[PDB]
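Q: Would you mind keeping the following structure in view while I ask a few things?
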Amino acid sequence: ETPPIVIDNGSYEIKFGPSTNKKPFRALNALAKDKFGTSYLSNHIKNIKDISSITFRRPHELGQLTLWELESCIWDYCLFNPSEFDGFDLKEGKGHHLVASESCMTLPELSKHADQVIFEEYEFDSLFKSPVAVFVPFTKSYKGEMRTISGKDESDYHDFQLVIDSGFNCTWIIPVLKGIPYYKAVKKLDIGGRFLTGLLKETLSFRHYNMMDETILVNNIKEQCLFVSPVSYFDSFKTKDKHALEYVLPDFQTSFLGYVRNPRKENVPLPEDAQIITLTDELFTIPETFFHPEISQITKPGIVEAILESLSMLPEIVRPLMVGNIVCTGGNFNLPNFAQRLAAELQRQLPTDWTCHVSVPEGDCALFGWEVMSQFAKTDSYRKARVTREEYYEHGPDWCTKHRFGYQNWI
Amino acid sequence: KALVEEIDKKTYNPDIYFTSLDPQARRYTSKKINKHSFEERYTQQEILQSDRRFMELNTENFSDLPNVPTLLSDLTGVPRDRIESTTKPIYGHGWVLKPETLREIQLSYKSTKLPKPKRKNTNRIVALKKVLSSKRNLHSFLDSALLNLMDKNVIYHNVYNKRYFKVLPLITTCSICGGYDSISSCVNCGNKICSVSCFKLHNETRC
Amino acid sequence: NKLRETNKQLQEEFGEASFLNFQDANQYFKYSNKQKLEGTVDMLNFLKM
Amino acid sequence: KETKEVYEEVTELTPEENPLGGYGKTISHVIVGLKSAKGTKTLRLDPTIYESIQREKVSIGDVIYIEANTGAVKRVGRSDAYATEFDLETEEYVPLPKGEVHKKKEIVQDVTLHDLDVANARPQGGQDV
Ligand SMILES: Nc1ncnc2c1ncn2[C@@H]1O[C@H](COP(=O)(O)OP(=O)(O)O)[C@@H](O)[C@H]1O
Ligand code: BEF
Ligand SMILES: [Mg+2]
Ligand SMILES: [Zn+2]
Ligand SMILES: [Zn+2]
């Protein structure tokens with residue numbers, strides 16, 4: 001088996017797939033059990049009939065994962081259920097390699113735990129784990145769609161890079177140079193998917209009936225009905241009266257999921273018995289918290305301050321290079337107008353001499369990163385940068401996590 | 001000013017002008033009347049309150065509300081005693097190790113299966129079994145010496161900002177709604193209010 | 001004229017691959033030459049003004 | 001027609017070396033930084049324009065209008081994003097200038113010879129009584 005299996009482990013949902021495929025296999029990474037005790041696996045949460053009162057537990061915390069039991073079971077589930085995930089089928093994966101994506105701020109002890117759990121139980125042969133950052137430079141290896149937006153106006157892997165990820169857990173900004181990312185100018189923003197959902201809960205509680213036990217509705221509302229302030233907080237407030245959306249409660253007797261309507265459009269004239277929540281202000285106020293955390297009265301600096309200071313740590317010669325090619329990554333970036341807004345903000349902050357450009361992959365960036373990693377598996381530099389079974393056996397699990405993929409080494 | 005005004009030569013502070021209906025006729029400072037980093041504008045108590053509100057926004061369920069002291073201790077290394085004393089806040093709880101899910105997962109992948117044994121009995125196998133029955137807390141990771149102190153230094157202070165905490169000005173809009181014009185501070189609670197309805201909704205519970 | 005001599009020799013030496021902004025974004029050396037030529041163009045314009 | 005350059009949010013300003021002569025009080029140069037919208041930039045400028053600024057008496061968080069042709073600074077006003085610092089403020093806050101701070105432009109005006117005759121006959125300049 002020449003092509004490996006690519007696993008982009010996400011805190012919210014993991015993306016597992018063969019290197020042959022062009023799209024990842026999406027499987028949730030969580031565990032929700034009804035109050036009556038009938039627990040359900042992560043992939044089976046979407047098929048449940050009630051979402052009002054559930055007990056939740058997600059193996060991946062803010063920093064990283066600690067207990068490998070649930071993750072190992074879920075990995076086997078996505079690795080030993082060919083029926084539920086069509087096309088894919090495997091016996092042992094002995095000759096199959098592994099391409100994984102794990103954060104650059106991992107705990108060395110937890111990195112050792114991950115290495116041992118991936119190698120000495122499932123009996124792999126070759127591994128390669130690296131953060132989603134380094135692979136995006138390989139976008140120059142394969143042709144793809146890549147919308148470059150200019151801030152000012154109204155080998156194969158690229159050495160110069162500065163990429164931001166914004167998923168469910170948190171946000172990470174990384175500078176990559178010479179294909180070797182810098183591990184000191186890296187800056188972490190705690191606002192992730194979790195924190196945006198929490199802000200959504202609090203602001204609806206400030207507006208409409210509470211749902212704090214019902215967090216799946218919060219996640220769905222956050223993914224569906226929000227949009228980033230295209231120009232400014234005040235001017236977007238001027239559109240609050242004219243523009244508004246209306247969500248309808250999901251009636252478990254009738255519909256497990258609700259819907260959002262616009263009063264302008266008459267394509268849905270059907271009246272409904274259940275109550276309807278009007279969202280006129282929180283559509284655009286919620287995304288603003290990245291630039292104005294003090295709306296939620298936090299002492300957090302903000303995204304623009306974080307990127308400016310991260311640039312400040314970098315050497316002056318390499319500072320203008322990074323902003324000239326910026327790639328947007330993460331599931332939070334799918335919110336509309338976010339990329340243009342952040343581009344305008346940082347270009348306004350950055351001085352006139354250097355113009356910064358932001359590259360957006362169309363659609364979600366999760367599948368973009370997955371296809372990038374699949375191309376990396378296709379890319380032959382992976383052959384020279386790979387490791388073998390005898391390297392793992394001849395040394396201890398500590399050497400593999402402290403020498404090659406260790407982060408203090410690249411500091 | 002109107003020309004020719006009578007003064008009595010007492011007090012007569014040209015930069016101090018105090019006028020009221022005289023219900024108390026007392027200065028707010030007569031005799032000390034009582035009884036750019038954001039860490040400077042907001043004191044240690046205020047930044048810690050912002051931090052614990054942040055951690056309490058992190059949780060998505062009831063069960064992690066008492067997990068806030070543990071999470072904050074893992075973050076900044078503060079004992080839970082002062083967390084419960086000074087923060088002044090507003091089996092599913094004990095990680096995912098329930099055996100019920102462990103035997104229920106069998107029906108999840110029961111559609112197709114072909115397991116085979118390929119394993120040995122070594123110290124690595126014992127450690128793998130220990131990791132499989134993990135049941136460990138972040139507090140156990142940090143208290144133990146399994147992670148180097150330099151790793152702690154490069155995982156804790158590689159994120160925080162120390163000199164520039166703000167680069168954009170603050171909107172400072174009302175707490176309840178977003179009235180952007182004619183904002184003003186409240187009489188007692190000291191929070192910005194804009195509309196009459198906002199003041200009526202704020203004076204009861206928030207104020 | 002002193003600035004224009006250097007500007008024209010720089011444009012003659014590497015006026016094929018350093019002119020495009022695509023190479024300017026992805027560069028380590030050529031973007032510096034582009035910066036130098038644009039800076040000297042601005043300097044000569046300011047001097048004429 | 002006439003071509004003019006101009007510079008337009010004020011970030012910071014520093015006034016000023018050793019006299020080493022007949023200079024009782026020396027202000028060698030003044031460093032001023034502007035923000036604008038399409039990027040910021042700092043520059044150095046003469047003491048005379050600094051005294052002109054002091055005559056305008058602008059603050060640090062303001063937007064100004066300086067024409068290098070005549071060396072005159074005009075205070076456009078405060079910065080709009082600097083609002084709500086106090087509950088009241090008489091001065092109009094005014095938004096931030098759009099585009100590049102260093103603007104090159106040209107202007108075209110139609111007049112009559114009688115306008116020039118009137119301007120020369122009755123000049124408006126002068127500061128004395
Ligand atoms: N179109 C969208 N609009 C708004 N939010 C979205 C959209 N798509 C995904 N998200 C959010 O992005 C998050 C996904 O993050 P994820 O990539 O899973 O992070 P991680 O890889 O760390 O698990 C989800 O919480 C979801 O709410
Ligand atoms: F793991 Be992720 F995309 F933050
Ligand atoms: Mg992920
Ligand atoms: Zn209000
Ligand atoms: Zn009040």
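Residues are named by chain letter and number: chains run A, B, ... in the order of the structure tokens, numbers start at 1 in each chain, and ligands are numbered from 1 in the order shown.
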List as a ChimeraX atom specification the protein and nucleic acid residues lying within 12 Å of ligand 2, with only C-alpha atoms and all ligand atoms counted.

A: /A:7-15,29,60-65,100-106,130-133,164-173,188-194,328-333,364-370

Q: Output as an mmCIF file with N, CA, C and O atoms, in the first residue's frame the set of chain A residues within 10 Å of chain C, with distances taken over only C-alpha atoms.

A:
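Contents of selection_9.cif, as written:
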```
data_model
loop_
_atom_site.group_PDB
_atom_site.id
_atom_site.type_symbol
_atom_site.label_atom_id
_atom_site.label_comp_id
_atom_site.auth_asym_id
_atom_site.auth_seq_id
_atom_site.Cartn_x
_atom_site.Cartn_y
_atom_site.Cartn_z
ATOM 1 N N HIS A 158 5.911 26.306 -0.244
ATOM 2 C CA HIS A 158 6.323 27.703 -0.163
ATOM 3 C C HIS A 158 7.001 27.975 1.174
ATOM 4 O O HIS A 158 6.403 27.773 2.235
ATOM 5 N N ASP A 159 8.249 28.443 1.119
ATOM 6 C CA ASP A 159 8.995 28.708 2.344
ATOM 7 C C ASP A 159 8.364 29.835 3.154
ATOM 8 O O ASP A 159 8.237 29.727 4.379
ATOM 9 N N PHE A 160 7.954 30.915 2.494
ATOM 10 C CA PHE A 160 7.362 32.053 3.187
ATOM 11 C C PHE A 160 5.878 31.791 3.420
ATOM 12 O O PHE A 160 5.132 31.535 2.468
ATOM 13 N N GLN A 161 5.448 31.861 4.679
ATOM 14 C CA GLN A 161 4.045 31.636 4.996
ATOM 15 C C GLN A 161 3.746 32.186 6.384
ATOM 16 O O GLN A 161 4.630 32.279 7.235
ATOM 17 N N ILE A 317 13.766 41.631 8.745
ATOM 18 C CA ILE A 317 13.925 41.315 7.329
ATOM 19 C C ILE A 317 12.800 40.404 6.852
ATOM 20 O O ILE A 317 12.301 40.547 5.729
ATOM 21 N N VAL A 318 12.383 39.452 7.692
ATOM 22 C CA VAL A 318 11.333 38.511 7.310
ATOM 23 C C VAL A 318 9.935 39.027 7.624
ATOM 24 O O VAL A 318 8.948 38.407 7.197
ATOM 25 N N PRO A 320 8.076 41.793 6.530
ATOM 26 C CA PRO A 320 7.185 42.122 5.404
ATOM 27 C C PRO A 320 6.851 40.936 4.517
ATOM 28 O O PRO A 320 5.862 40.999 3.777
ATOM 29 N N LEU A 321 7.643 39.863 4.561
ATOM 30 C CA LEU A 321 7.414 38.737 3.660
ATOM 31 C C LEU A 321 6.138 37.983 4.015
ATOM 32 O O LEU A 321 5.377 37.592 3.122
ATOM 33 N N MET A 322 5.891 37.766 5.309
ATOM 34 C CA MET A 322 4.776 36.917 5.721
ATOM 35 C C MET A 322 3.433 37.501 5.301
ATOM 36 O O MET A 322 2.569 36.780 4.788
ATOM 37 N N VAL A 323 3.237 38.806 5.506
ATOM 38 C CA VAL A 323 1.944 39.417 5.220
ATOM 39 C C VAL A 323 1.621 39.409 3.731
ATOM 40 O O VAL A 323 0.445 39.501 3.359
ATOM 41 N N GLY A 324 2.628 39.293 2.867
ATOM 42 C CA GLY A 324 2.380 39.262 1.437
ATOM 43 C C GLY A 324 1.717 37.994 0.940
ATOM 44 O O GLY A 324 1.226 37.978 -0.194
ATOM 45 N N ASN A 325 1.691 36.939 1.756
ATOM 46 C CA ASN A 325 1.028 35.690 1.384
ATOM 47 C C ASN A 325 0.450 35.082 2.659
ATOM 48 O O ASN A 325 1.173 34.443 3.429
ATOM 49 N N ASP A 353 3.869 51.093 3.388
ATOM 50 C CA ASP A 353 4.915 50.571 2.515
ATOM 51 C C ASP A 353 4.610 49.151 2.050
ATOM 52 O O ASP A 353 4.793 48.827 0.871
ATOM 53 N N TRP A 354 4.137 48.294 2.950
ATOM 54 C CA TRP A 354 3.882 46.894 2.636
ATOM 55 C C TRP A 354 2.386 46.647 2.514
ATOM 56 O O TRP A 354 1.607 47.070 3.375
ATOM 57 N N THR A 355 1.992 45.958 1.447
ATOM 58 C CA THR A 355 0.605 45.576 1.216
ATOM 59 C C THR A 355 0.428 44.098 1.539
ATOM 60 O O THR A 355 1.183 43.255 1.045
ATOM 61 N N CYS A 356 -0.570 43.790 2.361
ATOM 62 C CA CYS A 356 -0.836 42.426 2.793
ATOM 63 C C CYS A 356 -1.996 41.836 2.004
ATOM 64 O O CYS A 356 -2.991 42.517 1.736
ATOM 65 N N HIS A 357 -1.861 40.565 1.633
ATOM 66 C CA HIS A 357 -2.862 39.850 0.856
ATOM 67 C C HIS A 357 -3.291 38.606 1.619
ATOM 68 O O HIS A 357 -2.459 37.923 2.223
#
```

Q: Just need the residues of chain D within 9 Å of chain B, counting only C-alpha atoms, so spit them out as a list in words.

A: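 The contacting residues on chain D are residues 81, 82, 83, 84, 85, 86, 87 and 88 of chain D.
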
Q: Just write the chosen residues, N, CA, C and O atoms, as a PDB file, in the first residue's frame.

A:
```
ATOM      1  N   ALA D  81     -13.509  57.116  15.703  1.00  0.00           N
ATOM      2  CA  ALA D  81     -13.312  55.925  16.517  1.00  0.00           C
ATOM      3  C   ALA D  81     -12.897  56.252  17.945  1.00  0.00           C
ATOM      4  O   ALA D  81     -12.971  55.373  18.810  1.00  0.00           O
ATOM      5  N   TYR D  82     -12.470  57.488  18.213  1.00  0.00           N
ATOM      6  CA  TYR D  82     -12.148  57.941  19.560  1.00  0.00           C
ATOM      7  C   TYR D  82     -13.353  58.538  20.276  1.00  0.00           C
ATOM      8  O   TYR D  82     -13.187  59.391  21.158  1.00  0.00           O
ATOM      9  N   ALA D  83     -14.562  58.131  19.905  1.00  0.00           N
ATOM     10  CA  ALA D  83     -15.764  58.654  20.532  1.00  0.00           C
ATOM     11  C   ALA D  83     -16.015  57.957  21.867  1.00  0.00           C
ATOM     12  O   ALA D  83     -15.312  57.020  22.257  1.00  0.00           O
ATOM     13  N   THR D  84     -17.039  58.434  22.577  1.00  0.00           N
ATOM     14  CA  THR D  84     -17.501  57.869  23.845  1.00  0.00           C
ATOM     15  C   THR D  84     -16.417  57.850  24.921  1.00  0.00           C
ATOM     16  O   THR D  84     -16.547  57.132  25.918  1.00  0.00           O
ATOM     17  N   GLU D  85     -15.339  58.620  24.750  1.00  0.00           N
ATOM     18  CA  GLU D  85     -14.400  58.802  25.854  1.00  0.00           C
ATOM     19  C   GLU D  85     -15.060  59.556  26.999  1.00  0.00           C
ATOM     20  O   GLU D  85     -14.836  59.240  28.173  1.00  0.00           O
ATOM     21  N   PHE D  86     -15.877  60.554  26.673  1.00  0.00           N
ATOM     22  CA  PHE D  86     -16.703  61.259  27.637  1.00  0.00           C
ATOM     23  C   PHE D  86     -18.142  61.249  27.139  1.00  0.00           C
ATOM     24  O   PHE D  86     -18.404  61.085  25.945  1.00  0.00           O
ATOM     25  N   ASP D  87     -19.078  61.420  28.073  1.00  0.00           N
ATOM     26  CA  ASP D  87     -20.491  61.373  27.711  1.00  0.00           C
ATOM     27  C   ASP D  87     -20.900  62.526  26.806  1.00  0.00           C
ATOM     28  O   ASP D  87     -21.888  62.402  26.076  1.00  0.00           O
ATOM     29  N   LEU D  88     -20.173  63.642  26.835  1.00  0.00           N
ATOM     30  CA  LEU D  88     -20.461  64.775  25.970  1.00  0.00           C
ATOM     31  C   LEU D  88     -19.168  65.303  25.367  1.00  0.00           C
ATOM     32  O   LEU D  88     -18.090  65.179  25.955  1.00  0.00           O
TER      33      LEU D  88
END
```

Q: Output as JSON lines one row per residue of chain A within 7 Å of chain D: the closest atom pair and its distance in Å to one decimal place, counting only C-alpha atoms, sorted by chain and residue number ascending.

A:
```
{"residue": "A:152", "atom": "CA", "partner": "D:38", "partner_atom": "CA", "distance": 5.8}
{"residue": "A:347", "atom": "CA", "partner": "D:39", "partner_atom": "CA", "distance": 6.2}
{"residue": "A:348", "atom": "CA", "partner": "D:39", "partner_atom": "CA", "distance": 4.9}
{"residue": "A:349", "atom": "CA", "partner": "D:39", "partner_atom": "CA", "distance": 6.2}
{"residue": "A:350", "atom": "CA", "partner": "D:39", "partner_atom": "CA", "distance": 5.5}
{"residue": "A:351", "atom": "CA", "partner": "D:39", "partner_atom": "CA", "distance": 4.0}
{"residue": "A:352", "atom": "CA", "partner": "D:39", "partner_atom": "CA", "distance": 4.0}
```

Q: Using only C-alpha atoms and all ligand atoms, find each residue with an atom at most 10 Å away from ligand 4 and format the answer as a PDB file with N, CA, C and O atoms, in the first residue's frame.

A:
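Result written to out_28.pdb:
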```
ATOM      1  N   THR B 173     -20.291  50.539  24.334  1.00  0.00           N
ATOM      2  CA  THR B 173     -21.728  50.639  24.136  1.00  0.00           C
ATOM      3  C   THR B 173     -22.454  50.000  25.320  1.00  0.00           C
ATOM      4  O   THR B 173     -21.863  49.258  26.108  1.00  0.00           O
ATOM      5  N   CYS B 174     -23.746  50.314  25.444  1.00  0.00           N
ATOM      6  CA  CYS B 174     -24.547  49.846  26.568  1.00  0.00           C
ATOM      7  C   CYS B 174     -24.512  48.326  26.675  1.00  0.00           C
ATOM      8  O   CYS B 174     -24.315  47.612  25.688  1.00  0.00           O
ATOM      9  N   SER B 175     -24.700  47.833  27.902  1.00  0.00           N
ATOM     10  CA  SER B 175     -24.617  46.397  28.150  1.00  0.00           C
ATOM     11  C   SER B 175     -25.829  45.659  27.594  1.00  0.00           C
ATOM     12  O   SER B 175     -25.685  44.597  26.976  1.00  0.00           O
ATOM     13  N   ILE B 176     -27.031  46.199  27.804  1.00  0.00           N
ATOM     14  CA  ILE B 176     -28.248  45.493  27.406  1.00  0.00           C
ATOM     15  C   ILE B 176     -28.399  45.503  25.890  1.00  0.00           C
ATOM     16  O   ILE B 176     -28.419  44.448  25.243  1.00  0.00           O
ATOM     17  N   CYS B 177     -28.508  46.688  25.304  1.00  0.00           N
ATOM     18  CA  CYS B 177     -28.693  46.847  23.869  1.00  0.00           C
ATOM     19  C   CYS B 177     -27.514  47.626  23.287  1.00  0.00           C
ATOM     20  O   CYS B 177     -26.534  47.920  23.976  1.00  0.00           O
ATOM     21  N   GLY B 178     -27.617  47.962  22.005  1.00  0.00           N
ATOM     22  CA  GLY B 178     -26.521  48.610  21.317  1.00  0.00           C
ATOM     23  C   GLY B 178     -26.803  50.024  20.851  1.00  0.00           C
ATOM     24  O   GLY B 178     -26.422  50.400  19.738  1.00  0.00           O
ATOM     25  N   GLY B 179     -27.473  50.816  21.684  1.00  0.00           N
ATOM     26  CA  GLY B 179     -27.677  52.217  21.372  1.00  0.00           C
ATOM     27  C   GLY B 179     -26.360  52.962  21.288  1.00  0.00           C
ATOM     28  O   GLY B 179     -25.709  53.201  22.309  1.00  0.00           O
ATOM     29  N   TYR B 180     -25.961  53.335  20.075  1.00  0.00           N
ATOM     30  CA  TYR B 180     -24.635  53.888  19.835  1.00  0.00           C
ATOM     31  C   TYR B 180     -24.553  55.391  20.056  1.00  0.00           C
ATOM     32  O   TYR B 180     -23.444  55.938  20.065  1.00  0.00           O
ATOM     33  N   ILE B 183     -24.962  57.737  24.686  1.00  0.00           N
ATOM     34  CA  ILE B 183     -24.656  56.818  25.776  1.00  0.00           C
ATOM     35  C   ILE B 183     -24.305  57.606  27.035  1.00  0.00           C
ATOM     36  O   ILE B 183     -23.862  58.761  26.985  1.00  0.00           O
ATOM     37  N   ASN B 191     -22.670  51.451  34.896  1.00  0.00           N
ATOM     38  CA  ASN B 191     -22.632  50.786  33.602  1.00  0.00           C
ATOM     39  C   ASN B 191     -23.387  51.628  32.586  1.00  0.00           C
ATOM     40  O   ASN B 191     -24.415  52.233  32.907  1.00  0.00           O
ATOM     41  N   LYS B 192     -22.866  51.670  31.361  1.00  0.00           N
ATOM     42  CA  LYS B 192     -23.436  52.533  30.334  1.00  0.00           C
ATOM     43  C   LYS B 192     -24.856  52.108  29.984  1.00  0.00           C
ATOM     44  O   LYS B 192     -25.140  50.920  29.803  1.00  0.00           O
ATOM     45  N   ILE B 193     -25.752  53.091  29.895  1.00  0.00           N
ATOM     46  CA  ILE B 193     -27.137  52.880  29.497  1.00  0.00           C
ATOM     47  C   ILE B 193     -27.473  53.864  28.386  1.00  0.00           C
ATOM     48  O   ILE B 193     -26.951  54.982  28.342  1.00  0.00           O
ATOM     49  N   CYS B 194     -28.338  53.434  27.468  1.00  0.00           N
ATOM     50  CA  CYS B 194     -28.707  54.255  26.319  1.00  0.00           C
ATOM     51  C   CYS B 194     -30.186  54.615  26.310  1.00  0.00           C
ATOM     52  O   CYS B 194     -30.524  55.803  26.263  1.00  0.00           O
ATOM     53  N   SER B 195     -31.078  53.632  26.353  1.00  0.00           N
ATOM     54  CA  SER B 195     -32.504  53.860  26.167  1.00  0.00           C
ATOM     55  C   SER B 195     -33.249  53.809  27.495  1.00  0.00           C
ATOM     56  O   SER B 195     -32.740  53.329  28.510  1.00  0.00           O
ATOM     57  N   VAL B 196     -34.479  54.328  27.468  1.00  0.00           N
ATOM     58  CA  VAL B 196     -35.341  54.281  28.646  1.00  0.00           C
ATOM     59  C   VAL B 196     -35.665  52.837  29.005  1.00  0.00           C
ATOM     60  O   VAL B 196     -35.595  52.436  30.172  1.00  0.00           O
ATOM     61  N   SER B 197     -36.018  52.032  27.999  1.00  0.00           N
ATOM     62  CA  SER B 197     -36.308  50.623  28.242  1.00  0.00           C
ATOM     63  C   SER B 197     -35.077  49.890  28.756  1.00  0.00           C
ATOM     64  O   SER B 197     -35.182  49.009  29.618  1.00  0.00           O
ATOM     65  N   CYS B 198     -33.898  50.237  28.232  1.00  0.00           N
ATOM     66  CA  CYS B 198     -32.664  49.637  28.729  1.00  0.00           C
ATOM     67  C   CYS B 198     -32.452  49.958  30.202  1.00  0.00           C
ATOM     68  O   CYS B 198     -32.080  49.081  30.989  1.00  0.00           O
ATOM     69  N   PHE B 199     -32.693  51.211  30.596  1.00  0.00           N
ATOM     70  CA  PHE B 199     -32.553  51.585  32.000  1.00  0.00           C
ATOM     71  C   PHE B 199     -33.572  50.863  32.872  1.00  0.00           C
ATOM     72  O   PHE B 199     -33.254  50.438  33.988  1.00  0.00           O
ATOM     73  N   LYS B 200     -34.809  50.726  32.387  1.00  0.00           N
ATOM     74  CA  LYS B 200     -35.824  50.017  33.159  1.00  0.00           C
ATOM     75  C   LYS B 200     -35.452  48.551  33.345  1.00  0.00           C
ATOM     76  O   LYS B 200     -35.643  47.985  34.428  1.00  0.00           O
ATOM     77  N   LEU B 201     -34.917  47.918  32.299  1.00  0.00           N
ATOM     78  CA  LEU B 201     -34.509  46.522  32.400  1.00  0.00           C
ATOM     79  C   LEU B 201     -33.236  46.344  33.218  1.00  0.00           C
ATOM     80  O   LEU B 201     -33.028  45.269  33.792  1.00  0.00           O
ATOM     81  N   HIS B 202     -32.384  47.367  33.287  1.00  0.00           N
ATOM     82  CA  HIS B 202     -31.114  47.264  33.994  1.00  0.00           C
ATOM     83  C   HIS B 202     -31.218  47.607  35.473  1.00  0.00           C
ATOM     84  O   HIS B 202     -30.513  47.003  36.290  1.00  0.00           O
TER      85      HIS B 202
END
```

Q: Within 12 Å of residue 45 of chain C, counting only C-alpha atoms, which residues show up once you throw out same-chain ones fewer than 5 positions away? Write them as a list in words, please.

A: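 That gives residues 1, 3, 4, 38, 39 and 40 of chain C; 5 and 104 of chain D.
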
Q: How would the residues just chosen look if you wrote them out with N, CA, C and O atoms as an mmCIF file, in the first residue's frame?

A:
```
data_model
loop_
_atom_site.group_PDB
_atom_site.id
_atom_site.type_symbol
_atom_site.label_atom_id
_atom_site.label_comp_id
_atom_site.auth_asym_id
_atom_site.auth_seq_id
_atom_site.Cartn_x
_atom_site.Cartn_y
_atom_site.Cartn_z
ATOM 1 N N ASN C 1 18.873 62.314 -12.640
ATOM 2 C CA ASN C 1 19.587 61.434 -13.563
ATOM 3 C C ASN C 1 20.418 60.398 -12.814
ATOM 4 O O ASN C 1 20.541 59.251 -13.262
ATOM 5 N N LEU C 3 19.705 58.956 -9.958
ATOM 6 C CA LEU C 3 18.802 57.881 -9.558
ATOM 7 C C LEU C 3 18.278 57.115 -10.770
ATOM 8 O O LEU C 3 18.083 55.894 -10.703
ATOM 9 N N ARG C 4 18.048 57.814 -11.886
ATOM 10 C CA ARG C 4 17.481 57.170 -13.066
ATOM 11 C C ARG C 4 18.449 56.185 -13.704
ATOM 12 O O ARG C 4 18.014 55.180 -14.271
ATOM 13 N N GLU C 38 10.824 50.951 -6.752
ATOM 14 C CA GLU C 38 9.667 51.788 -6.452
ATOM 15 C C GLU C 38 10.046 52.937 -5.522
ATOM 16 O O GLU C 38 9.536 54.056 -5.667
ATOM 17 N N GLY C 39 10.960 52.690 -4.580
ATOM 18 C CA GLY C 39 11.420 53.759 -3.712
ATOM 19 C C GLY C 39 12.173 54.837 -4.465
ATOM 20 O O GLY C 39 11.985 56.027 -4.208
ATOM 21 N N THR C 40 13.026 54.441 -5.414
ATOM 22 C CA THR C 40 13.742 55.447 -6.192
ATOM 23 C C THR C 40 12.809 56.178 -7.152
ATOM 24 O O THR C 40 13.018 57.365 -7.425
ATOM 25 N N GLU D 5 0.506 68.030 -3.280
ATOM 26 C CA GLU D 5 0.610 66.886 -2.390
ATOM 27 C C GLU D 5 0.057 67.263 -1.023
ATOM 28 O O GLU D 5 0.057 68.435 -0.636
ATOM 29 N N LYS D 104 -1.099 62.529 -3.786
ATOM 30 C CA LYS D 104 -0.761 63.374 -4.923
ATOM 31 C C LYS D 104 -2.027 63.617 -5.733
ATOM 32 O O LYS D 104 -2.746 62.667 -6.058
#
```

Q: Write out as a tab-separated table a residue-level contact list of chain A versus chain B with cut-off 8 Å: for each qualifying residue the closest pair of atoms and the distance in Å to one decimal, counting only C-alpha atoms, rows sorted by chain and residue number upward.

A:
```
residue	atom	partner	partner_atom	distance
A:31	CA	B:96	CA	8.0
A:39	CA	B:101	CA	6.3
A:40	CA	B:101	CA	7.5
A:41	CA	B:105	CA	6.7
A:55	CA	B:92	CA	6.7
A:56	CA	B:92	CA	6.9
A:57	CA	B:92	CA	6.4
A:58	CA	B:96	CA	7.8
A:59	CA	B:96	CA	6.9
A:66	CA	B:136	CA	7.3
A:67	CA	B:134	CA	5.2
A:68	CA	B:132	CA	6.2
A:69	CA	B:132	CA	4.9
A:70	CA	B:96	CA	6.8
A:77	CA	B:109	CA	6.0
A:80	CA	B:113	CA	6.4
A:81	CA	B:109	CA	5.3
A:82	CA	B:112	CA	6.7
A:83	CA	B:111	CA	6.4
A:84	CA	B:111	CA	7.9
A:91	CA	B:114	CA	7.1
A:105	CA	B:155	CA	6.7
A:107	CA	B:147	CA	7.6
A:108	CA	B:147	CA	7.0
A:109	CA	B:147	CA	6.3
A:113	CA	B:131	CA	7.5
A:116	CA	B:128	CA	7.2
A:117	CA	B:128	CA	6.6
A:120	CA	B:125	CA	7.6
A:121	CA	B:119	CA	7.2
A:123	CA	B:118	CA	7.8
A:184	CA	B:158	CA	6.5
A:185	CA	B:158	CA	7.9
A:186	CA	B:158	CA	7.1
A:187	CA	B:159	CA	5.1
A:188	CA	B:159	CA	5.3
A:189	CA	B:159	CA	7.8
A:194	CA	B:58	CA	6.3
A:195	CA	B:58	CA	5.8
A:198	CA	B:57	CA	5.5
A:199	CA	B:57	CA	7.4
A:206	CA	B:176	CA	7.1
A:212	CA	B:61	CA	7.3
A:213	CA	B:61	CA	6.2
A:215	CA	B:60	CA	6.9
A:234	CA	B:180	CA	7.0
A:237	CA	B:178	CA	7.7
A:292	CA	B:170	CA	7.1
A:294	CA	B:170	CA	7.4
A:295	CA	B:172	CA	7.5
A:297	CA	B:50	CA	6.9
A:298	CA	B:50	CA	5.1
A:299	CA	B:47	CA	6.2
A:300	CA	B:165	CA	7.5
A:301	CA	B:165	CA	4.8
A:302	CA	B:166	CA	7.3
A:304	CA	B:167	CA	7.5
A:305	CA	B:167	CA	5.8
A:306	CA	B:161	CA	7.8
A:309	CA	B:164	CA	7.5
```

Q: Could you pull out the residues in chain C that DSSP calls alpha helix (DSSP H) from the backbone, as JSON, numbers by chain?

A: {"C": [2, 3, 4, 5, 6, 7, 8, 9, 10, 11, 12, 13, 21, 22, 23, 24, 25, 30, 31, 32, 33, 34, 35, 36, 37, 38, 39, 40, 41, 42, 43, 44, 45, 46, 47, 48]}

Q: What are the residues of chain D lining chain C at 12 Å or less? Count only C-alpha atoms, and put the answer as a list in words.

A: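 The contacting residues on chain D are residues 2, 3, 4, 5, 68, 69, 102, 103, 104 and 105 of chain D.
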